[PDB]
Every structure is written in structure tokens, then in C-alpha cells.
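Enquirer:
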Ligand code: HEM
Ligand code: HEM
Ligand code: HEM
Ligand code: HEM
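Chains as they are written, first to last, in the UniProt record's numbering: chain A, 1 to 146; chain B, 1 to 146; chain C, 2 to 142; chain D, 2 to 142.
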């Protein structure tokens, strides 16, 4: 479903306040601490044997910045989410072999990271607009698993 | 995703051979025998205490014909599934209070009923086109739960 | 299932919920209703307005049940049997909805206690809510 | 979990699969790969052509494992431990994929044995496959 003008104002106005470098590093560290098995997809980043290693691993920190920077391009393409992420869907399927069920779990972690960093902006209605965005980005990333 | 011409030919050519009255009664009876709790939504149909009752209940038989007749209108609106089922989504939400996760389970039963009735048409590739149709009809029926 | 570190992590974050069971419980239901509006099919009788008396009263009940589960974290199947039969048989609430609420509960803690809900505590609290969700689901099938 | 009627229903439908474990197993994997192509991420090494030697060999293995589970239907946790650790730890296969395969297994029986897979037998076989899926998932979390 397309974003109404109310949804569009919540998303666009909060994303202007987000520190994308910090929140992305936070979300990827949380994904690898809350789901420790998924480290399998990132073993080439080196030391990740426990939460302290993960939080000080710089390859994890930089990967998190790029992932959330990529998610943040959805805010400029709210009417074309499926079409914007088609190349990146195909790479997660054919190259990284990542189960498309995992896109929802990272999306749910991003919502928690945003809630913690912006407690007064993340109202019930702001949260609902962001959950709709994470649902659509997850679906778009799952869409070229042919 | 839109149906390609190959998908469209599988769906359109098999649906011309379907006995909608028989297959619908079969699918609703199977839904109430495989998931016996869902009888809660249909108690006004009367006797449903066991599988023999369900298979001889005429209100179940007729309801099954109408449900599969409704699903069969998707075959005429393959480019507009979401828009065709919007009124029927809103009725399942506001009137029948049905959890939208259940639309996938009936869709999976419809695939089994079709496989059993048309064993030589229901090829690996025909099955894949039908699973894509049941996925889209389920999503369209879940879409007006506001 | 839960480690001794998970159990102590969970008892620590939950002590911050003490004194705010109605407030935190009410906000987590308001978040579930707005972000996952399909969940309103189970509450056809409720006023769904903000800080509705019925939402306040249900929020207090859910969070009190979670408070008792933290106290009996060693035997969740025995602490939650009465609720397990209510959810899985009388209301027949589908398993996916429990995931939606556990997520709204994690957002409420993150909003009110950002620093307390560290990545390690987040990991433990997610694990505890999944376990609570599985006892309320164990007889739904 | 499974009733004595479910167990005898399951042993009856499965006797029709006898002599066709490679054929039925191969068709159920071909159906999963085509109807749920996301499942191909787990099999990057396989030739995915029809009646590929690798698909035939894996189809025989999955159906043989299900044959042993029907024989040990009273204690599925003990019959499937070796596979449980392989799936839930070494391959870390997500729980939703098990549902996709159990559905492709029900379609293969429906195609080859339409009359045998009556609504009551369908109900029992769905229940057995969910139980098998849960033993292969029990340590994934
Ligand atoms: C919000 C969802 C996601 C977004 C927007 C996202 C975005 C990205 C981006 C932009 C890249 C870099 C592509 C390149 O420049 O080559 C990437 C790589 C990768 N992603 Fe994701 N991703 C997401 C979710 C996930 C999830 C859930 C997993 C696994 C659990 C995952 C695993 C990977 C892996 C393994 C790589 C390759 C890393 C490397 O070798 O450098 N992604 N993703
Ligand atoms: C393929 C998916 C589905 C389709 C196309 C479908 C279609 C229909 C149709 C056409 C009606 C009649 C509407 C009217 O004329 O007033 C209806 C009613 C109903 N449906 Fe569905 N339905 C589907 C799935 C389900 C599921 C999964 C459930 C519950 C488990 C369900 C429960 C109901 C109930 C309770 C009614 C009202 C019955 C009555 O009082 O007569 N539906 N549906
Ligand atoms: C952490 C998970 C949950 C806990 C601890 C929980 C706890 C409770 C409790 C304590 C009650 C009241 C029981 C009583 O008054 O005797 C209850 C009732 C209820 N719960 Fe839940 N619940 C949970 C999840 C859910 C979810 C996910 C749904 C639906 C989306 C749900 C729907 C209901 C409903 C409909 C009632 C009856 C409401 C009423 O009319 O008062 N519950 N639950
Ligand atoms: C009824 C459910 C299942 C059963 C009984 C089953 C059984 C088996 C068996 C017997 C093996 C071979 C173990 C061995 O060779 O020692 C195996 C391997 C495997 N299974 Fe499954 N399996 C099931 C479901 C699934 C699903 C849903 C997936 C993925 C979508 C999956 C992916 C795999 C993979 C990737 C392997 C390793 C494949 C290889 O390279 O040979 N399995 N499973």
C-alpha cells in the first residue's frame, strides 16, 4: 500500500534527524548479538566470538553504516521501493545466499534502534508508519529470489 | 509480481476444466476437518461435530461453492487481484473477524484439491503458477485490515 | 532454554518496569493495534481510543502476567497454564500475533529505558518473550 | 500429540509410498524448488534440472527418513535427533521452509493417490509432518 501524506511526513521528518552511521552500526551489532548464528554470513569480518568482540569489530561497524544508508534510500523512493531494491534482492539471493525471512528480523531491530535514539519522535503513529516502511523494504529485498 | 504469459496460460487453461461446485465443497470440508477449531466461524451451519457431519452438511457444501467461485474471479482479473478483492477483505475483517493468516491455509488446501482432481494437468510448473495465484489472493484478502 | 545470565538480565530490565505496569502495558497494546491493525479482530468490544479505560485495564493484566513469569522464570510452563488454555483454546489466537506483541513490548522498554536495554539485555529479553509466547501457544495446533 | 487413529491413518497412506521413495521424494523436492524458489539458497551445489541425479538422491534420503519416522511414530524426538542437529545447527534452515516442503509432500500424495488421501487421512498426515518438522526445528532458536 502507498504511503499517505501523514505516513510520508512521519518518515521523512524523522529520517532527517537520524545519525545513520551510529544507528546502522547499532542495528547490525544487535542483529549478531540477538541471533548469534547469523555470524555465519559475516565470518570474513574476523573476531565475533562474543558481544564485546562484535561491538569493537570495525568491519561490523562499517557494514552497518552501509546497510542503514541503503535502507535510508527508501525514504527518497517511497513510491518505488520494490523497483529500487531489485538489484540488491538479486545479490542477497545469488551471491550471499541469505534466507529472505531474515529481512524482517533486521527491520524489527532497526525499529528498536530508532525508538531508543529518538524516544520523543517515536510516537504510536510514527512507529506505525515506520513498521509499514520496514515491511515494504523486507518484501522488496525478498522479491528477486527466482 | 505480474503473471507472465506462461503462468497466465497454466492458470487460465486449468480453470476451464475445474468443477467449481465440487472442488469448493471439497476444499471447505477439508479446511474444517484439517483445522477443526475453525468450525467456530461457521457454527450457524449446524451439525459439524465430526468429519461425516461436515461432509453431509449442505450449508458447508454451498458455502464452499461460493468461496471457490469467488476465488475463480481472480482468473479473470489477474492484473487486478488486490483491487478486485478489496470489498471482500473488509468484510472478513469488520464482520467475520477472521485472522488474515488463515487465508494462506485455505489457499494451500485449494492447491491439494486441484492436484487430486487434475493429476495430469498439475505439473511442477502448473503448480508453481497456482501457488503464485494463491499467494496473491491471500495477500489481497488481508489488505483492508485497517 | 534460558541461561543463568539470561535469567538475571531479564530480572534486571523488568525491575525498571516496576511501578509502571499499567502505563507500559497500555502503551504496548496501543503500539500493537496501530502497527499491526489485524490484531484488532480479537478486541471487537474495546474502545480503541488512546488511554481508553479498557486498554489501560488489559495492559495492566498482560504486564502483571509477565511480572509473574519473571518471578517463575525457572518453570514458565507451570506459571502460565491458565493463560495457555485461554489463549490456545478459548480465543484461538494465531501464533504470529504473539511475535507482534513481543516486538511492541521491546519498543516500550527501548523508549523508556534506552541505556538499560543494551544489546546483551535485548538478546535475553527477546529470548524470554519467545519462551512465554511458546507456553501460550503450546496447545493451539 | 498424534492419536492412535492418526498413527494408523499415517501408516496406511505411507504404505502406498512403498516402492516409490526416490520417485515421490524427487518430485516433492522439484515442487518445492519451483513453487518456493527461495528454498534454492540451501542447495547451491545441486543441478536443478528435472530428474537430476542429485535431486533423485536427496529425494530418496528425505523419504527414507520419513519412512523411519512412520515406523517410530511413538517417539519422533528419538528417531530424528541426528537430523535435528544437522538441520537446526549445521545448515540453520529457517522454520518456514519446513512448512513449504510438508505442503509439497501432501501434493505428491494427492497426485499419485487421490482417493487414498481422504479428508481424514489428509488431516492425520498434515499432523505427522508438522510433528516431524518440529523435531527438526527444536534447537534452531
Ligand atoms: C534492511 C535489510 C537489508 C539491507 C538494506 C541490506 C543492504 C546490504 C547492502 C547495501 C550490502 C552491500 C552490497 C554491496 O555493496 O556489495 C549488503 C551485503 C550483505 N548483506 Fe545485506 N542488507 C539487509 C539485510 C541483510 C540480512 C538480514 C542479512 C543476513 C542475515 C544480510 C547479509 C548480507 C551479506 C552476507 C552481505 C555481504 C557482506 C560482505 O561480504 O561485505 N543482509 N546488504
Ligand atoms: C480463498 C480465500 C477466501 C475467499 C475467496 C473467501 C470468500 C468468501 C465469500 C465470497 C464469502 C461470502 C460473502 C458474502 O456474500 O456475504 C465469505 C464469507 C465468509 N468467510 Fe470467507 N473466503 C476465504 C477465506 C476464508 C477463511 C480462511 C475463513 C475462516 C477460516 C473464512 C471465513 C468466512 C466466514 C465466517 C464467512 C461468513 C459465512 C456466512 O455467515 O455465511 N473465509 N468468504
Ligand atoms: C505476552 C503475551 C501475552 C500475555 C502475557 C497475555 C496475557 C493475557 C492475560 C493475562 C489476559 C487476561 C486473562 C484474564 O483476564 O483472566 C489475556 C486476555 C486476552 N488476551 Fe492475551 N496475552 C498475551 C498475548 C496476546 C495476544 C498476542 C493477543 C491477540 C493479538 C491476545 C489477546 C487476548 C484477548 C483477546 C484476551 C481477552 C481479552 C478480554 O476481553 O479481556 N493476547 N491475555
Ligand atoms: C521432512 C523434512 C525433512 C527431512 C525429513 C529432511 C531430511 C534430510 C536428510 C535425511 C538429509 C540428509 C542427511 C544426511 O545425508 O546425512 C537432509 C539434508 C539436507 N536437508 Fe533436509 N530434510 C527435511 C527438510 C528440509 C528443508 C525444508 C530444507 C531446506 C529448504 C532442507 C535442506 C537440507 C539440506 C540443504 C541438506 C543438505 C543437502 C546436501 O547437500 O546433501 N531439508 N535432510
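Even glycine gets a Cβ: it sits at the ideal position worked out from N, Cα and C.
Taking residue 76 of chain A as part of the alpha helix (DSSP H), name the residues at either end of that continuous run.
Expert: First-last for residue 76 of chain A: undefined, no H or E at that position.
Enquirer: My guess is that residue 78 of chain C and residue 136 of chain C are in contact by the Cβ rule of under 8 angstroms, so how many angstroms apart are they, rounded?
Expert: 5 angstroms
Enquirer: Using a Cβ-Cβ cut-off of less than 8 angstroms, give me the residues of the region 88-102 of chain B that come near chain C, in sequence order.
Expert: 93, 97, 98, 99, 100, 101 and 102
Enquirer: Chain D partners of residue 71 of chain B, CB-CB under 9 angstroms?
Expert: Residues of chain D passing the Cβ test: none, with the nearest at roughly 18 angstroms.
Enquirer: Report yes if the CB atom of residue 16 of chain B is closer than 8 angstroms to the CB atom of residue 89 of chain B, and no otherwise.
Expert: no
Enquirer: Name the residues in the region 130-142 of chain A whose C-beta lies less than 7 angstroms from a C-beta of chain C; which are they?
Expert: 131
Enquirer: Quick one: does the C-beta of residue 98 of chain D sit closer than 7 angstroms to a heavy atom of ligand 4?
Expert: yes
Enquirer: Which of the three DSSP states, helix, strand or coil, is assigned to residue 40 of chain B?
Expert: helix
Enquirer: Apply the 10 Å Cβ neighbour rule to residue 83 of chain D and answer buried if 16 or more other Cβ atoms are within range, or exposed otherwise.
Expert: exposed
Enquirer: Which residues, taken in chain order from the region 95-129 of chain C, show a beta carbon closer than 8 angstroms to some beta carbon of chain A?
Expert: Along the region 95-129 of chain C, going in chain order, the ones with a CB nearer than 8 angstroms to a CB of chain A are 104, 107, 108, 111, 112, 113, 115, 118, 120, 121, 123, 124 and 127.
Enquirer: Thinking just about the alpha-carbon of each residue, which of A/5, A/30, A/12 and A/80 is nearest to the one in residue 116 of chain A?
Expert: A/30
Enquirer: Residue range of the alpha helix (DSSP H) that residue 10 of chain C falls in?
Expert: 5-15
Enquirer: Taking its Cβ as the centre, do 16 or more other Cβ atoms sit within 10 Å of residue 127 of chain B, making it buried, or is it exposed?
Expert: buried
Enquirer: For residue 9 of chain D, verify whether its CB is less than 7 angstroms away from any heavy atom of ligand 1.
Expert: Every heavy atom of ligand 1 is 7 angstroms or more from the Cβ of residue 9 of chain D, so no.
Enquirer: Along the chain, where does the alpha helix (DSSP H) that runs through residue 45 of chain C open and close?
Expert: Neither: residue 45 of chain C is in no alpha helix (DSSP H) and is coded neither H nor E.
Enquirer: Quick one: is residue 122 of chain A near chain C, going by C-beta distance under 8 angstroms?
Expert: yes
Enquirer: State yes or no: is the C-beta of residue 99 of chain D within less than 8 angstroms of the C-beta of residue 134 of chain D?
Expert: yes
Enquirer: Between the C-alpha atoms of residue 156 of chain B and residue 127 of chain D, what's the straight-line distance to the nearest angstrom?
Expert: No statement about residue 156 of chain B is possible, as the shown extent of chain B runs from 1 to 146 and does not include it.
Enquirer: In angstroms, rounded to a whole number, what distance separates the CA positions of residue 110 of chain A and residue 23 of chain A?
Expert: Between residue 110 of chain A and residue 23 of chain A, the C-alpha separation is close to 8 angstroms.
Enquirer: Between residue 113 of chain B and the rest of its own chain, which residues show a CB-CB distance below 8 angstroms, the 5 nearest in sequence each way excluded?
Expert: 23, 26, 27 and 30
Enquirer: Rounded to whole angstroms, what is the Cα-Cα separation between residue 57 of chain B and residue 33 of chain B?
Expert: 13 angstroms
Enquirer: Exposed or buried, residue 49 of chain A, counting other C-beta atoms within 10 Å across all chains shown (16 or more means buried)?
Expert: exposed
Enquirer: Please give me, in chain order, every unbroken run of the alpha helix (DSSP H) with length at least 4 that falls completely inside the region 46-123 of chain C.
Expert: 54-72, 77-80, 82-86 and 97-113
Enquirer: For residue 104 of chain B and residue 138 of chain B, what's the separation of their Cα atoms in angstroms?
Expert: 6 angstroms
Enquirer: In this structure, how does DSSP classify residue 145 of chain B when only helix, strand and coil are distinguished?
Expert: coil
Enquirer: Take the Cβ of residue 123 of chain D as the centre, count every other Cβ of all protein chains shown within 10 Å, and call the residue buried at 16 or more, exposed below.
Expert: buried
Enquirer: Could you tell me if residue 10 of chain D is buried or exposed, where buried requires 16 or more neighbouring beta carbons within 10 angstroms of its beta carbon?
Expert: Buried, since its Cβ has 16 or more Cβ neighbours within 10 Å.
Enquirer: Listing by chain order, which chain D residues have their CB less than 9 angstroms from the CB of residue 40 of chain A?
Expert: 93
Enquirer: Taking only the alpha-carbon atoms, compute the straight-line gap between residue 68 of chain A and residue 24 of chain C and give it to the nearest angstrom.
Expert: 32 angstroms
Enquirer: Which residues of chain D have a Cβ atom closer than 7 angstroms to the Cβ of residue 115 of chain B, listed in chain order?
Expert: 108, 111 and 112
Enquirer: Would the C-beta of residue 137 of chain A count as close to ligand 1, meaning under 7 angstroms from any of its heavy atoms?
Expert: Within the cutoff, so yes.
Enquirer: Alpha carbons only, please: which of A/106, A/108, A/9 and A/120 is nearest the one belonging to residue 112 of chain C?
Expert: For residue 112 of chain C, the nearest C-alpha among the options comes from A/120.
Enquirer: Enumerated in chain order, which unbroken segments of the alpha helix (DSSP H) with a length of 4 residues or greater are wholly contained in the UniProt domain "Globin" (2-146) of chain B?
Expert: You should have 5-15, 20-34, 51-56, 58-71, 81-84, 86-94, 102-117 and 124-141.
Enquirer: With C-beta atoms as the reference, is residue 124 of chain B less than 8 angstroms away from residue 32 of chain D?
Expert: yes
Enquirer: With respect to the alpha helix (DSSP H) encompassing residue 30 of chain C, which residues constitute its N-terminal and C-terminal limits?
Expert: 22-36
Enquirer: Got a sec: which bits of the region 21-39 of chain B sit with their beta carbon under 7 angstroms from any beta carbon on chain C, in order along the chain?
Expert: 37
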